[PDB]
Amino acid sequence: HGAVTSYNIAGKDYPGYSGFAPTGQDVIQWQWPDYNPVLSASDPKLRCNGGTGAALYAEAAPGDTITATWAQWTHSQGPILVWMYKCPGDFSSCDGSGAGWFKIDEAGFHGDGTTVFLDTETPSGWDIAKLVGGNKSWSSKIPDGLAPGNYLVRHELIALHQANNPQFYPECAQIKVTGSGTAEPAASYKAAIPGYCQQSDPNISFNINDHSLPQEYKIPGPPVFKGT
């Protein structure tokens, strides 16, 4: 349970949408309803937690840092994914559809698999554990050379504490990427969302408490796009 509540982009502060009590104030973040998980990989809410858009954008150049903050976050097992999506034109006509989503950042499981397992709570072998406990942040570089334009950026945490019962927590925000890069990820780096994973994939629904499995976690979605 939790959501990205605010951002720091290229050194500037951007408040998020206030899911539990919208203020009516202009923000860069697409709407989100509350802290409940999306429970199915094929649910359209998986994309941007049912948001439709936003009035503002943050400026950023390639190589600039995107930092998202989770005012609250409770789970110590599962991956972090950060994606981007090139809007064809105006942010207002961008719904995030088709296979435009590419990963720019990811973190998964780094435990040794014999004292720290996939299901171990403390000390968790997942980078997500570092987001737990209030006002924790995650920073990602906007890939070098990225062609300029209007982009969405999507943060997604997938909690895996419950055997066979994945829990997705996503949000989208609006980034106007400046400069004169030309790099665009190839089709093999891009996915649809929902679409990049199936509910029954072995890194999505599986028995995390089963210590006889390999203690490695393949992060879902395509390889990360690095740029140049």
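One-based numbering along the sequence shown.
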Inset, instruction - Identify the stretch, either 185-193 or 35-43, whose C-alpha atoms have the larger mean B-factor according to the entry. - result: 185-193
Legend entry - Of 206-214 and 13-21, the one with larger mean CA B-factor: 206-214
Inset, instruction - Name the residue from 97, 120, 72, 139 with the greatest C-alpha temperature factor listed in the entry. - result: 120
Legend entry - Residue with maximal Cα B-factor (values as given in the PDB entry) among 125, 148, 134, 79: 148
Legend entry - For residue 87, the third of its chain into which the C-alpha B factor falls: highest
Legend entry - B-factor third for the C-alpha atom of residue 164 within its chain: highest
Inset, instruction - Report the third (lowest, middle or highest) to which the CA temperature factor of residue 110 belongs, ranking only the modelled residues of the same chain. - result: highest
Legend entry - Modelled-residue ranking by C-alpha temperature factor, third containing residue 26: middle
Legend entry - Cα B factor band for residue 172 (lowest, middle or highest third within the chain): lowest
